[PDB]
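Next comes just one chain, in structure tokens: the form deposited without ligand PHN.
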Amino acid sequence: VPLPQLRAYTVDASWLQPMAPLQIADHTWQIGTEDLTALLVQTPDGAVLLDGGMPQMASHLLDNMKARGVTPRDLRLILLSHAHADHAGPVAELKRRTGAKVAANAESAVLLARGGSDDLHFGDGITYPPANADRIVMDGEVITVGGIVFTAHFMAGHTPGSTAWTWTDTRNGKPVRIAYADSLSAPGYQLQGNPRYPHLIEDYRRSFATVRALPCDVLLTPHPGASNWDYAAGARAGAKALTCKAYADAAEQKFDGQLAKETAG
């Protein structure tokens, strides 16, 4: 009986379904797939990308940037929600093919640098090409590109380095406070007494309160379904979107249910 073959990280087809750029605000666009967020923020001083989705999405992202008028040299900065294969997958390749540098917190930087291997919960089951961070950010630190100010809000739990990124764009004339809040799921995680993450529960609890309080005229999430976006719905893609408060509440009620099921299991 031979050892098992390596199993590829396969995902729902919608996660891999290319879409054209979808405008969120005056300078903010969804340029990923139908079910994975990849946000492009275009400034007079270069472009910012928040997440890239899966590893095989690099060329599609570059195609959509070109459609927006962003050449490789114009991409200056990559920010991440968290460093799992379905959100940071193409970062290494994007750095090779563009001018982009990566800013992340220390936890996300060390997970990115090992390509998602030795994951606290998934082991080596969900890996991707490693990449190095060019700048380490602290909680509450701001990064400014072309006068758009991005603020990091750590929300540890889904990964230790999970981060919400907030910035203010404009929509019609008016300012719109965008919150790109990270996943709050704990899929198959051991929550209680986890030796690799002893304070997991306390961190999730604190992260629910962080998300509740974000400046949040428009919430986006790495899996759009988590915040009730439908990127395939065109003009009403965002119509049903949750508030940050509703997203946090829904995630906490699910988390409490999982805790109770874990105690029973």
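Numbers follow the displayed sequence, beginning with 1.
Although not depicted, the form solved in complex with ligand PHN is the subject of the following passage.
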Seen with ligand PHN overlaid from its pose in the entry with it bound, and using a 2.4 Å cut-off to backbone or C-beta atoms, this pocket is open
**Asked** Should residue 109 be classed as touching ligand PHN in the entry with it bound when contacts are defined as heavy atoms within 4.5 Å?
**Response** no
Contact label in the entry with it bound: residue 234 to ligand PHN, heavy atom within 4.5 Å | no
May I ask you to state whether residue 27 is within 4.5 Å of ligand PHN in the entry with it bound, using heavy atom distances? yes
Is there a heavy atom of residue 69 lying 4.5 Å or less from a heavy atom of ligand PHN in the entry with it bound? no
Picking from 147, 193, 173, 140, the single residue whose non-hydrogen atoms come within 4.5 angstroms of ligand PHN in the entry with it bound is 147
